[PDB]
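Coming up is one lone chain in structure tokens, specifically the form deposited in one PDB entry.
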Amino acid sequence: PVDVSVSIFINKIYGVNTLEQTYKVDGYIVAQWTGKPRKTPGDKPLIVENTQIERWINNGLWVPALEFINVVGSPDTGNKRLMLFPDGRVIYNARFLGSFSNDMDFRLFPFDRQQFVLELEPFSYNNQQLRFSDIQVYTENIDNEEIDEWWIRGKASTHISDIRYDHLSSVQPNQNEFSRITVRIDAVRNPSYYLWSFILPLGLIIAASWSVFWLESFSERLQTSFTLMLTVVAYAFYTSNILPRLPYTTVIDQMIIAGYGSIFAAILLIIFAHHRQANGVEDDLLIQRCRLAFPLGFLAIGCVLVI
């Protein structure tokens, strides 16, 4: 087995796609291994760039294809370099920009943690193995964080391992184990924007919705909630058109549903007060004064949103 050492430099992690559960990574990859020594011009190592690499491979230079197990589509690679040493060893250097996949849970929306992952594994060779993995994620931990969308809690953690494929080729003696590098980078979302521009106003609006009980008339109390209704709908619109699309409800999504319910419960009470009596217009003076039953009956149902 050939010992291949891998170094991965990560430049930029961006463009998360919530629906597809993908994210974009720009970086370099470096692979080193040793082959039989060679005569290089002078005795300085030889440099082979881009189009020329192909030529050396035709004359039988071994350059194993390393696959990103979890790229969606084939990465855009920039410059490629072979550094051929006279003492045999070989260094492959290439820049890449790729879309990568991972299981991503967005349920705690505005405050969710996520992990960006790279998985490197040789495409054709079970033989030849990964010596060691190094991830130079030379961004910076707690710096421009508030200028950037995601806060990195790395550095990156690595993990070389062996993957067994059951249903393999017609090869069987013992060629079903491939060497796999797995990089993980942890991150949390920058919850600021969503608190101040979504959670907050949603609160104010839901709260204000409660001030319907301090209206004198019944005709006032009822007609007004039809406007609070329209308000939550507009806010749902605004909220859902700007927030990331998902197949499940988020924190915010539930708040909105709550607002919908609070306002509908009120309409039930408001109408009940007016007809649970012993006359015609005896609004249960006590009930129509649940101007406290709601606010904290909602901050009770609102502390079971987090049970």
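Take the two forms, superpose them, and find the largest set of C-alpha atoms that agree within 1.5 Å; that set is the rigid core. So that there is no doubt, residue numbering starts at 1 and follows the sequence shown.
Although it is not shown, the form deposited in another entry is what the next lines describe.
- prompt: Of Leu228, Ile152, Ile135, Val212, which one has a Cα that moves 2 Å or more between this form and the one not shown once the core is lined up?
  reply: Flagged residue: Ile135.
message: At a 2 Å cut-off on C-alpha positions, does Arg291 qualify as shifted between this form and the one not shown after fitting the rigid core?
response: No, the C-alpha position differs by under 2 Å between this form and the one not shown.
- request: Taking the rigid core as the superposition reference, indicate whether the CA of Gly280 shifts 2 angstroms or more between this form and the one not shown.
  value: Comparing the forms between this form and the one not shown, which are aligned on their rigid core, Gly280 does shift its C-alpha by 2 Å or more.
- prompt: Did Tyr138 and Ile160 drift closer or farther in the other entry, going by a CA distance change of 3 angstroms or more?
  reply: Here the pair is farther apart than in the other entry; there, closer.
- request: Quick one: in the other entry, is the Cα gap between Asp26 and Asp134 smaller or bigger than here? Answer closer or farther; it shifts by 3 Å or more.
  value: Farther, not closer.
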